[PDB]
């Protein structure tokens, strides 16, 4: 297809057998080699076999391909010799995003996230790659964290901001944390948060659905308990960062996301009873 710049693909015949059997393109095989990262041929096979080729193609390959597309399109803007000044910097960021995506890959392959999440997660980087075009136009923007972020990204950090910024903690301490950790860690946080919020909201709907009173309110206890704990972690981590206690934003996102998921299922299961 369009993604000619790749030229790195599966060589393992067993995987090749499941990819041909699944009926995906040369384009397809390439994309899988990309997100394969340094995970073995065999383990990529092991995950994929358990799932239907049907589910696989739309949930995994399609989304990956959308990304590789927009990355090809961004790569061009680096290659352009008008952008030689900003070239190396852009390539570096490209490598960071690459690692992050391959990580979402890793996470899906070893079973930590489902197909749905994988699809949802990988698309997060599409606007980030697309952002290169805009940045080149007036380069001074790169020395800021926000210079690298689309409006969905800014929206998400502005949400986290409203969670942490308060009387005692202002826009300045917050922005300072983000400038310290860098885009790499910032976007990772963004994604992790998005996950947590999505699953929290599904648990919300599911709980509303439960017949009024009896155990319904007991569920909303857990919902509120979990939300409080998570929001607390966000504040705790940012305060701790500004205070000098630690040098890393850690929200315990994955743990809380799983908590909301279990909760959603108990709410769906209690609607029925």
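Numbering follows the first chain given and starts at 1.
Mean CA temperature factor is higher for 129-137 when stretches 129-137 and 189-197 are set side by side in the entry. The PDB entry records a higher mean C-alpha B factor for 110-118 than for its counterpart among 110-118 and 178-186. You'll see in the entry that, of 35, 57, 210, 234, the Cα B factor peaks at 57. Note on 87, 96, 162, 76: the highest value goes to 76, judged by CA B factor as recorded.
The deposited CA B-factor of residue 81 belongs to the highest third of values across its chain. In this PDB entry, the Cα temperature factor of residue 223 sits in the bottom third of its chain's modelled residues, the lowest group.
For residue 245, the recorded CA temperature factor ranks within the lowest third of the chain's modelled residues. Ranked against the other modelled residues of its chain, the C-alpha B-factor of residue 272 as given in the entry falls in the middle third.
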